[PDB]
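Report on the following structure.
Sequence positions, counted from 1, serve as the residue numbers for this chain.
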Amino acid sequence: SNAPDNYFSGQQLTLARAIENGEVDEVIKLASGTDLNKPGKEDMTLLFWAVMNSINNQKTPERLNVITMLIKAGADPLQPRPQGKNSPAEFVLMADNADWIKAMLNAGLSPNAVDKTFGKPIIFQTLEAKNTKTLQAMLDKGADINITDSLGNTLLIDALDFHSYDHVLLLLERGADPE
């Protein structure tokens, strides 16, 4: 049957079970003596495991706090996956709401962070979301609204180019430099 044992063994499996249980104090305890960043099987990581298991109407605030506590303990929210697949922070910036990114910003994720594969500001991932909530979270936490990619494009230029009007209008309302 399907269980965290699909991905993890040993001390990582013990911590994956505490994550699955939404047990914040036990996660805090186990994290110290667990390799937080070594992938398990199928490229699964403990932090991706915490993002998946947060989707539960039981103990929801505590399950978001498990994400925060894993990052404070040294789980890397910017760790890439193989073959150019993205990090937990980049992944949750495309989501329909900002609960995940807020849990990571609460653990000291920089709103100006760049990805470790390509060096792109992770805030560009918000332009892929269906609404402006993750961009609002990053700008609210003090992201540079005028940060550029390697070719000098801003969030505003990219949003205009794709006709992502809701993102354009939020960026303008927040004072994004149009030149």
Side-chain angles (χ1 to χ4, degrees), residues 19 22 24 27-28 31-32 36-37 45-56 59-81 84-179:
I19 292 166
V24 171
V27 165
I28 290 159
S32 338
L36 292 181
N37 293 311
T45 68
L46 289 160
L47 187 53
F48 269 117
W49 179 255
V51 170
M52 187 174 83
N53 280 271
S54 68
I55 311 170
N56 198 316
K59 312 209 279 200
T60 315
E62 289 56 49
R63 295 173 179 282
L64 291 166
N65 202 31
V66 163
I67 297 166
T68 309
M69 303 295 97
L70 285 164
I71 293 165
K72 288 201 69 148
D76 184 4
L78 297 169
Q79 177 167 309
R81 285 181 281 166
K85 292 209 83 188
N86 63 22
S87 69
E90 287 175 287
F91 188 88
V92 301
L93 283 166
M94 308 187 257
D96 278 9
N97 69 59
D99 290 336
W100 288 328
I101 188 68
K102 285 184 189 162
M104 304 197 181
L105 295 170
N106 284 345
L109 174 76
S110 173
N112 287 317
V114 302
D115 84 82
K116 291 185 177 196
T117 306
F118 304 115
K120 197 168 188 184
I122 67 164
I123 193 167
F124 284 85
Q125 296 296 295
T126 67
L127 296 182
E128 320 275 278
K130 287 178 221 196
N131 60 56
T132 65
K133 294 186 214 135
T134 56
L135 177 56
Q136 289 173 51
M138 295 284 273
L139 296 176
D140 286 353
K141 188 62 184 201
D144 182 358
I145 197 168
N146 300 315
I147 195 169
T148 56
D149 67 17
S150 89
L151 291 181
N153 302 307
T154 58
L155 293 159
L156 178 57
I157 290 168
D158 274 5
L160 281 161
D161 190 3
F162 274 83
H163 298 190
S164 289
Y165 299 136
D166 287 356
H167 282 85
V168 171
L169 294 158
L170 172 69
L171 289 158
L172 289 174
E173 183 168 85
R174 297 295 186 94
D177 189 355
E179 73 149 24

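Shortest non-hydrogen contact noted between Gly22 and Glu62 is O-CB, 4.1 Å. Contact detail for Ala113 and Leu78: the closest heavy-atom pair is CB-CD1, 3.9 Å. Among all heavy-atom pairs drawn from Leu47 and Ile67, the shortest one is CD1-CG2, 4.1 Å. Scanning both residues, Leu70 and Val27, for their nearest heavy atoms gives CD2-CG1, 3.8 Å.
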- Task: List the steps, then state whether side-chain contact (heavy atoms from CB on, under 4.5 Å) holds for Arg81 with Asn86.
- Result: CA-CA 6 Å; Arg81 285 181 281 166; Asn86 63 22; 2.7 Å; yes

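Summarising the geometry, atom NZ belonging to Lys72 is positioned 5.5 Å from atom CE belonging to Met69; distances are rounded to the nearest 0.5 Å. Between the CG atom in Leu135 and the CZ atom in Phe124 there is a gap of 10.5 Å [rounded to 0.5 Å]. With rounding to the nearest 0.5 angstrom, the CG atom of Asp144 is 8.5 Å from the CD1 atom of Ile123. With rounding to the nearest 0.5 Å, the separation of CZ in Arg174 from CG in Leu139 is 5.5 Å. To the nearest 0.5 Å, atoms CG (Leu127) and CD (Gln125) are separated by 8.5 Å.
Checked by atom type and distance alone, the side chain of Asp76 never pairs as donor or acceptor with a backbone atom of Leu36 at under 3.5 Å. In terms of modelled atom types and a separation under 3.5 Å, the side chain of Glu90 and the main chain of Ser87 share a donor-acceptor contact. When atom types are taken as modelled, the side chain of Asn106 and the backbone of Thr68 share no donor-acceptor pair closer than 3.5 angstrom.
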Listed pairs under 3.5 Å, donor-acceptor, residues 150-160 side chains, sequence neighbours left out:
residue: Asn153; atom: ND2; partner: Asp149; partner atom: OD2; Å: 3.0
residue: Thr154; atom: OG1; partner: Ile157; partner atom: N; Å: 3.1

Review item, side-chain donor-acceptor pairs of residues 91-103, under 3.5 Å, at least two apart:
residue: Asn97; atom: OD1; partner: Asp99; partner atom: N; Å: 3.1
residue: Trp100; atom: NE1; partner: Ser54; partner atom: OG; Å: 2.8

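When the options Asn56, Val51, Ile19, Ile55 are evaluated for a side chain to side chain contact (heavy atoms under 4.5 Å, CB included) with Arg63, the one that passes is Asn56. For the side chain to side chain contact (heavy atoms under 4.5 Å, CB included) test with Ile122, the passing option among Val114, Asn112, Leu109, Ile147 is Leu109; the others fail.
The side-chain contact (heavy atoms from CB on, under 4.5 Å) check on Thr132 picks up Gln136, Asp166, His167, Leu170, with sequence neighbours excluded.
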